[PDB]
Amino acid sequence: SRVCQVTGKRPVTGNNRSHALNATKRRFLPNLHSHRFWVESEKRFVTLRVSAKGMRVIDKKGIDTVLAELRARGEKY
Amino acid sequence: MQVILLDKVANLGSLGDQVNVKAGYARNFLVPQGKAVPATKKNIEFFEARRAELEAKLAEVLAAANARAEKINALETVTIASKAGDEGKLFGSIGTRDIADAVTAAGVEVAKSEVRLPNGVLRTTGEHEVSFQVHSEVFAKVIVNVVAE
Amino acid sequence: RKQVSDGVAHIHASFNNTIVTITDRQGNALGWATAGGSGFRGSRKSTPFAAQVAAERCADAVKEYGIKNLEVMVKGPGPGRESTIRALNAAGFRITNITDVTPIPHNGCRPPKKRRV
Amino acid sequence: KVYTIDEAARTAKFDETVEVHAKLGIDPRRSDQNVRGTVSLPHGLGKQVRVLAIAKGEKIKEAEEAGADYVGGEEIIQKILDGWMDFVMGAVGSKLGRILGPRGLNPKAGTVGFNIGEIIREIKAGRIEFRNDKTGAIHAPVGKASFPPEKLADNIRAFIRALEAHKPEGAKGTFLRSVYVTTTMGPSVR
Amino acid sequence: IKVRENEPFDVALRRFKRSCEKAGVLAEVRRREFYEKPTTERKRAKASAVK
RNA sequence: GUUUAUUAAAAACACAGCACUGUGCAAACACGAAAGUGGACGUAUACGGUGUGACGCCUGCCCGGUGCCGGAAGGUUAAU
RNA sequence: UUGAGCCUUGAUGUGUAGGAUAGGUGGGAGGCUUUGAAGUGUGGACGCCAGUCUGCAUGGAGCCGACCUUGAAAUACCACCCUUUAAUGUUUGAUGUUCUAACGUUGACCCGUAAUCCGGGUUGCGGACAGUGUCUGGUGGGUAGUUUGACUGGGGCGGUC
Ligand SMILES: [Mg+2]
Ligand SMILES: [Mg+2]
Ligand SMILES: [Mg+2]
Ligand SMILES: [Mg+2]
Ligand SMILES: [Mg+2]
Ligand SMILES: [Mg+2]
Ligand SMILES: [Mg+2]
C-alpha cells in the first residue's frame, strides 16, 4: 500500500479545481521509491519503501535511528 | 549535504575536511563505502577533539625524536677499544650495532638501526665520523675515535 | 589556416556546365568554383570561357593553402574540358600530372531514350 | 576607481581633448536626448569663448565683454549674406525667429543669453564654461572635459556632469561614463 | 588517359584523348539506347568503307 | 451459415478473398488505481484495428477543406 | 562541444557639383613613425571578385588642414558607437562523450524449498537514462454534468423582442 515506512505519508484526497472552480475528487499520492540502505550496524542492505521526504529524514536522523523507530512499532524490515 | 570525509577522496576530499557533497553521491557511494559521514554537528566536534590531539601534541613529541640529537653533539665522542696492526690501522672495526651499542650503553640511548657508518664502515684507527638517525629529516653528527689499547 | 602545397585539380566538365575542385592528395577538397557560379547562365555557362574564369576564381580560393603544384584529373566531355586547365597553368601553377577519368561503363545501364528535337 | 581616475590622463600638446561621453537610454516608448542652453559645469574651466550673437547696433559696447569676443550687427544679417566660405552662438528668445537668416541648407547655433535690461549684468554667468553635446545616432553625450591643468579638480564634472541624469522613457538604464582622448581611452562605472 | 609529363615545358600535348575515350565511347553511350539500328548504322558503315 | 427468444429471416450480420494501418515483444492492444493477466506459452508468412466483401473485368481526376504523417528556421507560448 | 545573454577587444561604409569606394555627431590646427613608415611581393581572409585589412617580409624615411566646391570636411589623430560581423572569457542552459554506486531487468545461476509466486545472494545486461511522485502547457464525445429563450390565429419555417 503506497505508504512510506519512515513517515506514514499515505495518499490523501482533495479536489481538482478547474478554472470555473468545478471540483472533482482526486488524490495526492506520496513520492515513493523503494531504496536499498546500507546499515553498517548489521552488515546488510535493508530496503525501505520510502517517500522522498522519507529519505531526507533518514539522512538527518540516520538509518540506525529510523530503523530503531520501525523496530519499536513492530514494523517489520 | 555537508558531510565530513574519512580517507583522502579524489577531486574534492582531503582526509578529514568538511566538504559539501550532492546527496546522491553521499548515500550510494561515499558513506556506505565509509569514505565520509553526515556532518551531524555531534560529529563536527567529535572532530574538534580530533583537531587538538594527535597533531599539536605528538609533533613536539617528535621534537623529542629530534632533541635526542641535542645530546648527540654535546658529547660528540665515544671511543672504541680497537687496536692497530702494523701502523695505527685498526686491529678492530666498528659498524652500526657497534656504534649504536657503543652509543646506547651510556647516556646516549639510540635504536641500533639509527647509526649510519657509511661503511668505513670501517678499516683503520683514530677519529672518524657517522650519521645518527632518530627522525626522517633530523639525524645528527658525532665523532668516533677507535682507541688502540 | 592549414597549408599543403601538393594537391589535385579535379574538373567536372559536362555539356551544360563544368565544375572545378582543388583537393589535396587525400581527395580532401580545398576549394571549388563552377562555371555557372561565376555569372553566365544557360548557354552562357556551357562555354570554354566560363570554364576559364571558373579556374581563376578557383585558384583565388585555394591559393589559401599555398598550393605550389597539383595533379589534374579531367572528367566529362563538353567545353571547358581543357580550356580550364590552361587557366590553371597561367594562374601560376606547377602542373605535374594529367589524367582523364571520364567514367566508361562496360555497357551497363540503359541510357535515356528520347531526344526527338 | 570608485569615482574616476583623472590622473588616468597620464603625448599631445595638452589633454583638454578628454570627452564626457557617458551613456544614455534607448527610445523605448517616447524619450529624447537634450543638452541644455550651454551646459556650464561648476568649473569655470578657463575658456575665453568666441560668441556671435544676432544683437544690434546698440549692444556693440558691452555684449562683447563677458566671456566672448564680437557681436554680429543688424546690417550684417543679410549684408554678410552672400558667402559659403564667407558665411557659443546666440538668439534672444520670445517672439524672435531666425529662419530668415539662420535656417537654410547644417551647423548648431541657438542658445546664448536673453537680456533687454543688461547686455552684461553683474551676475549672468554659466556661459564661458562649456558647450553642447546632443544626439548623434544611437545615443548622444559628445563633448570634452577639463585639461592637462586639472586632477581631481576637474573631477567636479563627474558629480556635476554625470549628475546630468535626466528623464528616461521606459525600458532603459542609461549610464556608462567615459572620457579621455588624443592619447588613450577609458573610465570606470556609475 | 594519363600523362605524367616531365621537365621543361607547359603545353597540353594531350593528343592522347583523341586516341580512345572522350567523344569515342561517350557521344556513344550518351543517349538513345539504339538496339537493332546499330546493326543498321554499322551496316551502312561497311557499305561506305568498301569504296 | 447468422439475426431482431415474443409482429421484421431479409437486399441486414458474418463469411473466404482483398486493401489500408498499427505492432521488435516487458509488442501493439485489451481487463486492471495496483500486483497480476489476456495477446501467447505466440514473434512480422505473427498479433491487433479499420474498411471492402467469392469470382471475372476493372478500380480514373482532386490534398483547398477536415483528419492523419513528417518537419522545422522563425513567431507565439506553461510551471519555473 | 554548441545555442543565448553580458564584458573588453579589432573589422567597415562605390547619394550629386569634387584633389576621392565622405557612417552620424563631438574633442579637434598637429599627431604620428626610428617603441623602425610609405609602396612594391606573397602568405590567412571577408565578399554585390568592386576592393579592403593585416601578421611575415623586401623595404628604408615624410605625409597633412579651412584649403575654392559639398545641406554636412578630413586616412591629421582620438572617442562613446550604429551598418553587420569575427574572435578568447564570464554566465545560463542545452546537446553530446565516459564511469558505477542510486534505480530497471518480463537473461543465467545459488539458497530458503522437491516451489513457473516471493525474498535474499551471485553473475550477466542496462544505467543516472527509463520509470514513478508534485507541479505545469497541449490533447482528450473516451467518460461525465448540463444548456440549447419566448411571441405565434396549433407547432415549425419566415418574422419579431
Ligand atoms: Mg440459408
Ligand atoms: Mg419477431
Ligand atoms: Mg490482419
Ligand atoms: Mg458491405
Ligand atoms: Mg478511388
Ligand atoms: Mg454527452
Ligand atoms: Mg411557444
# chains A, B, ... in the order shown; residues from 1 in each chain; ligands from 1
>>> residues_around(residues="residue 7 of chain E", least_positions_apart="6", cutoff="12 Å", atoms="only C-alpha atoms (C1' of nucleotides)", output="PyMOL selection string")
chain C and resi 94-97
>>> residues_around(residues="residue 93 of chain C", least_positions_apart="4", cutoff="7 Å", atoms="only C-alpha atoms (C1' of nucleotides)", output="PyMOL selection string")
chain C and resi 68-69+88-89
>>> atom_distance(atom1="atom CA of residue 99 of chain C", atom2="atom CA of residue 81 of chain C")
11.9 Å
>>> residues_around(residues="residue 47 of chain B", least_positions_apart="3", cutoff="12 Å", atoms="only C-alpha atoms (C1' of nucleotides)", output="PyMOL selection string")
chain B and resi 3-6+15-18+37+39-44+50-54
>>> write_last_selection(atoms="N, CA, C and O atoms", output="PDB file, in the first residue's frame")
ATOM      1  N   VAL B   3      28.586  16.770   5.150  1.00  0.00           N
ATOM      2  CA  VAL B   3      29.378  15.553   5.318  1.00  0.00           C
ATOM      3  C   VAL B   3      30.881  15.835   5.470  1.00  0.00           C
ATOM      4  O   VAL B   3      31.469  16.639   4.738  1.00  0.00           O
ATOM      5  N   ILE B   4      31.490  15.157   6.440  1.00  0.00           N
ATOM      6  CA  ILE B   4      32.928  15.245   6.678  1.00  0.00           C
ATOM      7  C   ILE B   4      33.591  13.934   6.253  1.00  0.00           C
ATOM      8  O   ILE B   4      33.086  12.852   6.555  1.00  0.00           O
ATOM      9  N   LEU B   5      34.722  14.041   5.557  1.00  0.00           N
ATOM     10  CA  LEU B   5      35.340  12.891   4.892  1.00  0.00           C
ATOM     11  C   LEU B   5      36.156  12.006   5.827  1.00  0.00           C
ATOM     12  O   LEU B   5      36.421  12.361   6.976  1.00  0.00           O
ATOM     13  N   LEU B   6      36.560  10.850   5.308  1.00  0.00           N
ATOM     14  CA  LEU B   6      37.402   9.912   6.044  1.00  0.00           C
ATOM     15  C   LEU B   6      38.758   9.755   5.363  1.00  0.00           C
ATOM     16  O   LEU B   6      39.759  10.287   5.837  1.00  0.00           O
ATOM     17  N   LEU B  15      41.044  14.082   3.774  1.00  0.00           N
ATOM     18  CA  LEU B  15      41.401  13.117   4.835  1.00  0.00           C
ATOM     19  C   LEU B  15      40.602  13.371   6.124  1.00  0.00           C
ATOM     20  O   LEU B  15      40.460  12.475   6.956  1.00  0.00           O
ATOM     21  N   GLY B  16      40.115  14.597   6.300  1.00  0.00           N
ATOM     22  CA  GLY B  16      39.250  14.919   7.419  1.00  0.00           C
ATOM     23  C   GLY B  16      38.700  16.333   7.335  1.00  0.00           C
ATOM     24  O   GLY B  16      38.646  17.042   8.339  1.00  0.00           O
ATOM     25  N   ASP B  17      38.286  16.738   6.136  1.00  0.00           N
ATOM     26  CA  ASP B  17      37.742  18.078   5.900  1.00  0.00           C
ATOM     27  C   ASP B  17      36.223  18.104   6.043  1.00  0.00           C
ATOM     28  O   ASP B  17      35.595  17.072   6.273  1.00  0.00           O
ATOM     29  N   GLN B  18      35.633  19.287   5.897  1.00  0.00           N
ATOM     30  CA  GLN B  18      34.179  19.414   5.854  1.00  0.00           C
ATOM     31  C   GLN B  18      33.752  19.982   4.512  1.00  0.00           C
ATOM     32  O   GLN B  18      33.380  21.149   4.408  1.00  0.00           O
ATOM     33  N   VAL B  37      31.025  10.937   6.009  1.00  0.00           N
ATOM     34  CA  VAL B  37      29.985  10.787   7.013  1.00  0.00           C
ATOM     35  C   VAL B  37      29.157  12.067   7.180  1.00  0.00           C
ATOM     36  O   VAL B  37      29.677  13.171   7.017  1.00  0.00           O
ATOM     37  N   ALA B  39      27.552  15.297   8.477  1.00  0.00           N
ATOM     38  CA  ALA B  39      28.064  16.341   9.362  1.00  0.00           C
ATOM     39  C   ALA B  39      27.037  16.675  10.449  1.00  0.00           C
ATOM     40  O   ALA B  39      26.547  17.805  10.534  1.00  0.00           O
ATOM     41  N   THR B  40      26.734  15.698  11.298  1.00  0.00           N
ATOM     42  CA  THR B  40      25.625  15.815  12.243  1.00  0.00           C
ATOM     43  C   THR B  40      25.923  16.741  13.418  1.00  0.00           C
ATOM     44  O   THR B  40      25.239  16.672  14.442  1.00  0.00           O
ATOM     45  N   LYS B  41      26.932  17.597  13.277  1.00  0.00           N
ATOM     46  CA  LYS B  41      27.310  18.528  14.340  1.00  0.00           C
ATOM     47  C   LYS B  41      27.852  17.777  15.556  1.00  0.00           C
ATOM     48  O   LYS B  41      28.997  17.985  15.961  1.00  0.00           O
ATOM     49  N   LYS B  42      27.023  16.916  16.144  1.00  0.00           N
ATOM     50  CA  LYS B  42      27.503  15.938  17.112  1.00  0.00           C
ATOM     51  C   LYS B  42      28.867  15.457  16.641  1.00  0.00           C
ATOM     52  O   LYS B  42      29.819  15.353  17.421  1.00  0.00           O
ATOM     53  N   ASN B  43      28.951  15.189  15.342  1.00  0.00           N
ATOM     54  CA  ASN B  43      30.178  14.727  14.722  1.00  0.00           C
ATOM     55  C   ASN B  43      31.212  15.839  14.559  1.00  0.00           C
ATOM     56  O   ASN B  43      32.376  15.657  14.907  1.00  0.00           O
ATOM     57  N   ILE B  44      30.800  16.994  14.046  1.00  0.00           N
ATOM     58  CA  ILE B  44      31.772  18.029  13.687  1.00  0.00           C
ATOM     59  C   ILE B  44      32.648  18.429  14.876  1.00  0.00           C
ATOM     60  O   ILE B  44      33.707  19.034  14.692  1.00  0.00           O
ATOM     61  N   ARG B  50      39.426  15.948  17.784  1.00  0.00           N
ATOM     62  CA  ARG B  50      40.390  15.346  16.870  1.00  0.00           C
ATOM     63  C   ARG B  50      41.152  16.399  16.075  1.00  0.00           C
ATOM     64  O   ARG B  50      41.799  16.080  15.082  1.00  0.00           O
ATOM     65  N   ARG B  51      41.063  17.653  16.505  1.00  0.00           N
ATOM     66  CA  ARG B  51      41.808  18.734  15.875  1.00  0.00           C
ATOM     67  C   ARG B  51      42.853  19.297  16.829  1.00  0.00           C
ATOM     68  O   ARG B  51      43.726  20.065  16.426  1.00  0.00           O
ATOM     69  N   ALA B  52      42.754  18.910  18.097  1.00  0.00           N
ATOM     70  CA  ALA B  52      43.734  19.303  19.096  1.00  0.00           C
ATOM     71  C   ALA B  52      44.743  18.181  19.295  1.00  0.00           C
ATOM     72  O   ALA B  52      45.955  18.399  19.238  1.00  0.00           O
ATOM     73  N   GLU B  53      44.222  16.974  19.501  1.00  0.00           N
ATOM     74  CA  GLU B  53      45.024  15.838  19.938  1.00  0.00           C
ATOM     75  C   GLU B  53      46.256  15.543  19.077  1.00  0.00           C
ATOM     76  O   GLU B  53      47.233  16.292  19.108  1.00  0.00           O
ATOM     77  N   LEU B  54      46.197  14.454  18.311  1.00  0.00           N
ATOM     78  CA  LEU B  54      47.382  13.839  17.697  1.00  0.00           C
ATOM     79  C   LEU B  54      48.371  14.839  17.085  1.00  0.00           C
ATOM     80  O   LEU B  54      49.578  14.586  17.057  1.00  0.00           O
TER      81      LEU B  54
END
>>> interface_residues(of="chain E", to="chain C", cutoff="8 Å", atoms="only C-alpha atoms", output="number ranges by chain")
E: 1-6, 10, 12, 17, 22-23, 25-26, 29-33
>>> residues_near_ligand(ligand="ligand 3", cutoff="12 Å", atoms="only C-alpha atoms (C1' of nucleotides) and all ligand atoms", output="NGL selection string")
:F and (18-23 or 44 or 46-50)
>>> write_last_selection(atoms="C-alpha atoms (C1' of nucleotides)", output="PDB file, in the first residue's frame")
ATOM      1  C1'   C F  18      -8.823  -8.021 -50.775  1.00  0.00           C
ATOM      2  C1'   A F  19      -6.645  -3.220 -49.006  1.00  0.00           C
ATOM      3  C1'   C F  20      -5.042   0.277 -45.536  1.00  0.00           C
ATOM      4  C1'   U F  21      -2.852   0.969 -40.936  1.00  0.00           C
ATOM      5  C1'   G F  22      -0.577  -0.204 -36.091  1.00  0.00           C
ATOM      6  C1'   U F  23       2.918  -3.544 -33.542  1.00  0.00           C
ATOM      7  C1'   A F  44       6.173  -9.586 -38.686  1.00  0.00           C
ATOM      8  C1'   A F  46       2.788 -13.109 -36.413  1.00  0.00           C
ATOM      9  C1'   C F  47      -0.613 -10.231 -33.492  1.00  0.00           C
ATOM     10  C1'   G F  48      -4.137  -6.091 -33.024  1.00  0.00           C
ATOM     11  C1'   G F  49      -7.531  -2.028 -35.652  1.00  0.00           C
ATOM     12  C1'   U F  50     -10.238  -0.457 -39.728  1.00  0.00           C
TER      13        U F  50
END
>>> residues_around(residues="residue 178 of chain D", least_positions_apart="4", cutoff="9 Å", atoms="only C-alpha atoms (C1' of nucleotides)", output="PyMOL selection string")
(chain D and resi 19-23+185-189) or (chain G and resi 79-80)
>>> residues_near_ligand(ligand="ligand 6", cutoff="12 Å", atoms="only C-alpha atoms (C1' of nucleotides) and all ligand atoms", output="list in words")
residues 141, 142, 143, 144, 145, 146 and 147 of chain G
>>> residues_near_ligand(ligand="ligand 4", cutoff="12 Å", atoms="only C-alpha atoms (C1' of nucleotides) and all ligand atoms", output="list in words")
residues 11, 12, 13, 14, 15, 51, 52 and 53 of chain F
>>> atom_distance(atom1="atom CA of residue 126 of chain D", atom2="atom CA of residue 51 of chain D")
13.3 Å
>>> residues_near_ligand(ligand="ligand 7", cutoff="9 Å", atoms="only C-alpha atoms (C1' of nucleotides) and all ligand atoms", output="list in words")
residues 150, 151, 152 and 155 of chain G
>>> write_last_selection(atoms="N, CA, C and O atoms (P, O5', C5', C4', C3', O3' and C1' of nucleotides)", output="PDB file, in the first residue's frame")
ATOM      1  P     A G 150     -39.051  28.529 -25.424  1.00  0.00           P
ATOM      2  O5'   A G 150     -39.932  29.837 -25.447  1.00  0.00           O
ATOM      3  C5'   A G 150     -40.560  30.278 -24.254  1.00  0.00           C
ATOM      4  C4'   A G 150     -40.935  31.722 -24.365  1.00  0.00           C
ATOM      5  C3'   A G 150     -42.009  32.029 -25.400  1.00  0.00           C
ATOM      6  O3'   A G 150     -43.332  31.818 -24.948  1.00  0.00           O
ATOM      7  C1'   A G 150     -40.179  33.458 -25.750  1.00  0.00           C
ATOM      8  P     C G 151     -44.535  31.731 -26.015  1.00  0.00           P
ATOM      9  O5'   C G 151     -44.522  33.158 -26.698  1.00  0.00           O
ATOM     10  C5'   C G 151     -45.343  34.203 -26.233  1.00  0.00           C
ATOM     11  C4'   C G 151     -45.474  35.258 -27.287  1.00  0.00           C
ATOM     12  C3'   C G 151     -46.344  34.895 -28.478  1.00  0.00           C
ATOM     13  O3'   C G 151     -47.710  35.150 -28.228  1.00  0.00           O
ATOM     14  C1'   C G 151     -44.288  35.760 -29.228  1.00  0.00           C
ATOM     15  P     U G 152     -48.819  34.022 -28.443  1.00  0.00           P
ATOM     16  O5'   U G 152     -48.763  33.780 -30.001  1.00  0.00           O
ATOM     17  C5'   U G 152     -48.947  34.866 -30.894  1.00  0.00           C
ATOM     18  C4'   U G 152     -48.396  34.548 -32.248  1.00  0.00           C
ATOM     19  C3'   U G 152     -49.226  33.590 -33.075  1.00  0.00           C
ATOM     20  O3'   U G 152     -49.069  33.918 -34.427  1.00  0.00           O
ATOM     21  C1'   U G 152     -47.131  32.639 -32.686  1.00  0.00           C
ATOM     22  P     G G 155     -48.510  28.080 -31.849  1.00  0.00           P
ATOM     23  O5'   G G 155     -47.486  26.959 -32.287  1.00  0.00           O
ATOM     24  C5'   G G 155     -46.551  26.441 -31.360  1.00  0.00           C
ATOM     25  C4'   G G 155     -45.833  25.243 -31.912  1.00  0.00           C
ATOM     26  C3'   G G 155     -44.663  25.548 -32.825  1.00  0.00           C
ATOM     27  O3'   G G 155     -43.495  25.831 -32.087  1.00  0.00           O
ATOM     28  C1'   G G 155     -46.019  23.924 -33.838  1.00  0.00           C
TER      29        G G 155
END
>>> residues_around(residues="residue 81 of chain B", least_positions_apart="3", cutoff="7 Å", atoms="only C-alpha atoms (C1' of nucleotides)", output="list in words")
residues 146, 147, 148 and 149 of chain B
>>> decode(residues="segment 26-39 of chain G", atoms="N, CA, C and O atoms (P, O5', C5', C4', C3', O3' and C1' of nucleotides)", output="PDB file, in the first residue's frame")
ATOM      1  P     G G  26      26.851  67.845 -32.284  1.00  0.00           P
ATOM      2  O5'   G G  26      28.271  67.250 -31.883  1.00  0.00           O
ATOM      3  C5'   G G  26      29.426  68.072 -31.829  1.00  0.00           C
ATOM      4  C4'   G G  26      30.429  67.512 -30.855  1.00  0.00           C
ATOM      5  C3'   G G  26      31.823  68.118 -30.878  1.00  0.00           C
ATOM      6  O3'   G G  26      31.913  69.366 -30.208  1.00  0.00           O
ATOM      7  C1'   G G  26      31.988  65.764 -30.806  1.00  0.00           C
ATOM      8  P     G G  27      33.164  70.344 -30.486  1.00  0.00           P
ATOM      9  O5'   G G  27      34.413  69.558 -29.874  1.00  0.00           O
ATOM     10  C5'   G G  27      34.510  69.317 -28.475  1.00  0.00           C
ATOM     11  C4'   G G  27      35.834  68.698 -28.090  1.00  0.00           C
ATOM     12  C3'   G G  27      37.073  69.341 -28.685  1.00  0.00           C
ATOM     13  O3'   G G  27      37.437  70.548 -28.041  1.00  0.00           O
ATOM     14  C1'   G G  27      37.261  66.984 -28.820  1.00  0.00           C
ATOM     15  P     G G  28      37.650  71.885 -28.910  1.00  0.00           P
ATOM     16  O5'   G G  28      38.746  71.464 -29.988  1.00  0.00           O
ATOM     17  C5'   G G  28      39.967  70.850 -29.595  1.00  0.00           C
ATOM     18  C4'   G G  28      40.611  70.110 -30.741  1.00  0.00           C
ATOM     19  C3'   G G  28      40.938  70.944 -31.968  1.00  0.00           C
ATOM     20  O3'   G G  28      42.131  71.697 -31.830  1.00  0.00           O
ATOM     21  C1'   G G  28      39.840  68.975 -32.647  1.00  0.00           C
ATOM     22  P     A G  29      42.077  73.307 -31.805  1.00  0.00           P
ATOM     23  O5'   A G  29      43.000  73.731 -33.032  1.00  0.00           O
ATOM     24  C5'   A G  29      44.382  74.021 -32.844  1.00  0.00           C
ATOM     25  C4'   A G  29      45.257  73.292 -33.833  1.00  0.00           C
ATOM     26  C3'   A G  29      46.420  74.113 -34.387  1.00  0.00           C
ATOM     27  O3'   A G  29      47.570  73.280 -34.554  1.00  0.00           O
ATOM     28  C1'   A G  29      45.031  73.396 -36.169  1.00  0.00           C
ATOM     29  P     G G  30      48.814  73.393 -33.534  1.00  0.00           P
ATOM     30  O5'   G G  30      48.733  72.056 -32.666  1.00  0.00           O
ATOM     31  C5'   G G  30      49.831  71.151 -32.578  1.00  0.00           C
ATOM     32  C4'   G G  30      49.443  69.784 -33.086  1.00  0.00           C
ATOM     33  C3'   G G  30      50.577  68.801 -33.365  1.00  0.00           C
ATOM     34  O3'   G G  30      51.173  68.155 -32.236  1.00  0.00           O
ATOM     35  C1'   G G  30      49.125  68.837 -35.212  1.00  0.00           C
ATOM     36  P     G G  31      50.457  67.992 -30.799  1.00  0.00           P
ATOM     37  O5'   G G  31      49.827  66.526 -30.841  1.00  0.00           O
ATOM     38  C5'   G G  31      50.656  65.373 -30.952  1.00  0.00           C
ATOM     39  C4'   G G  31      49.980  64.284 -31.747  1.00  0.00           C
ATOM     40  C3'   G G  31      50.863  63.119 -32.189  1.00  0.00           C
ATOM     41  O3'   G G  31      51.044  62.124 -31.191  1.00  0.00           O
ATOM     42  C1'   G G  31      49.680  63.938 -34.052  1.00  0.00           C
ATOM     43  P     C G  32      52.491  61.454 -30.954  1.00  0.00           P
ATOM     44  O5'   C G  32      52.678  60.451 -32.185  1.00  0.00           O
ATOM     45  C5'   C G  32      51.682  59.493 -32.531  1.00  0.00           C
ATOM     46  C4'   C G  32      51.638  59.258 -34.023  1.00  0.00           C
ATOM     47  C3'   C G  32      52.821  58.498 -34.616  1.00  0.00           C
ATOM     48  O3'   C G  32      52.609  57.093 -34.601  1.00  0.00           O
ATOM     49  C1'   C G  32      52.407  60.485 -35.875  1.00  0.00           C
ATOM     50  P     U G  33      53.198  56.164 -33.429  1.00  0.00           P
ATOM     51  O5'   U G  33      54.437  55.435 -34.115  1.00  0.00           O
ATOM     52  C5'   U G  33      54.263  54.662 -35.294  1.00  0.00           C
ATOM     53  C4'   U G  33      55.404  54.845 -36.266  1.00  0.00           C
ATOM     54  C3'   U G  33      56.806  54.887 -35.680  1.00  0.00           C
ATOM     55  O3'   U G  33      57.302  53.604 -35.327  1.00  0.00           O
ATOM     56  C1'   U G  33      56.568  56.579 -37.331  1.00  0.00           C
ATOM     57  P     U G  34      58.139  53.392 -33.966  1.00  0.00           P
ATOM     58  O5'   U G  34      59.663  53.417 -34.442  1.00  0.00           O
ATOM     59  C5'   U G  34      60.637  54.173 -33.733  1.00  0.00           C
ATOM     60  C4'   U G  34      62.024  53.995 -34.306  1.00  0.00           C
ATOM     61  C3'   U G  34      63.151  54.716 -33.567  1.00  0.00           C
ATOM     62  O3'   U G  34      63.673  53.960 -32.483  1.00  0.00           O
ATOM     63  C1'   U G  34      63.280  55.208 -35.882  1.00  0.00           C
ATOM     64  P     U G  35      63.354  54.356 -30.955  1.00  0.00           P
ATOM     65  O5'   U G  35      62.726  53.023 -30.346  1.00  0.00           O
ATOM     66  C5'   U G  35      62.040  52.093 -31.175  1.00  0.00           C
ATOM     67  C4'   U G  35      60.979  51.336 -30.414  1.00  0.00           C
ATOM     68  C3'   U G  35      59.898  50.666 -31.250  1.00  0.00           C
ATOM     69  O3'   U G  35      60.332  49.428 -31.804  1.00  0.00           O
ATOM     70  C1'   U G  35      58.931  51.756 -29.362  1.00  0.00           C
ATOM     71  P     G G  36      59.442  48.642 -32.894  1.00  0.00           P
ATOM     72  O5'   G G  36      60.226  48.854 -34.269  1.00  0.00           O
ATOM     73  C5'   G G  36      59.537  48.967 -35.509  1.00  0.00           C
ATOM     74  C4'   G G  36      59.947  50.218 -36.249  1.00  0.00           C
ATOM     75  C3'   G G  36      59.853  50.168 -37.772  1.00  0.00           C
ATOM     76  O3'   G G  36      58.555  50.530 -38.234  1.00  0.00           O
ATOM     77  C1'   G G  36      61.963  51.067 -37.087  1.00  0.00           C
ATOM     78  P     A G  37      57.997  50.032 -39.660  1.00  0.00           P
ATOM     79  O5'   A G  37      57.465  51.362 -40.372  1.00  0.00           O
ATOM     80  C5'   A G  37      56.195  51.922 -40.049  1.00  0.00           C
ATOM     81  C4'   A G  37      55.857  53.113 -40.920  1.00  0.00           C
ATOM     82  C3'   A G  37      55.305  52.812 -42.308  1.00  0.00           C
ATOM     83  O3'   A G  37      53.926  52.463 -42.307  1.00  0.00           O
ATOM     84  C1'   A G  37      56.964  54.490 -42.467  1.00  0.00           C
ATOM     85  P     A G  38      53.290  51.612 -43.520  1.00  0.00           P
ATOM     86  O5'   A G  38      52.589  52.710 -44.440  1.00  0.00           O
ATOM     87  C5'   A G  38      52.659  52.646 -45.859  1.00  0.00           C
ATOM     88  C4'   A G  38      53.172  53.945 -46.435  1.00  0.00           C
ATOM     89  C3'   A G  38      53.075  54.106 -47.950  1.00  0.00           C
ATOM     90  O3'   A G  38      51.783  54.568 -48.338  1.00  0.00           O
ATOM     91  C1'   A G  38      55.248  54.734 -47.194  1.00  0.00           C
ATOM     92  P     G G  39      51.314  54.685 -49.879  1.00  0.00           P
ATOM     93  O5'   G G  39      52.218  53.639 -50.670  1.00  0.00           O
ATOM     94  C5'   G G  39      51.979  53.371 -52.046  1.00  0.00           C
ATOM     95  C4'   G G  39      53.100  52.572 -52.664  1.00  0.00           C
ATOM     96  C3'   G G  39      52.792  51.119 -53.006  1.00  0.00           C
ATOM     97  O3'   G G  39      52.092  50.961 -54.233  1.00  0.00           O
ATOM     98  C1'   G G  39      54.843  51.230 -51.846  1.00  0.00           C
TER      99        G G  39
END
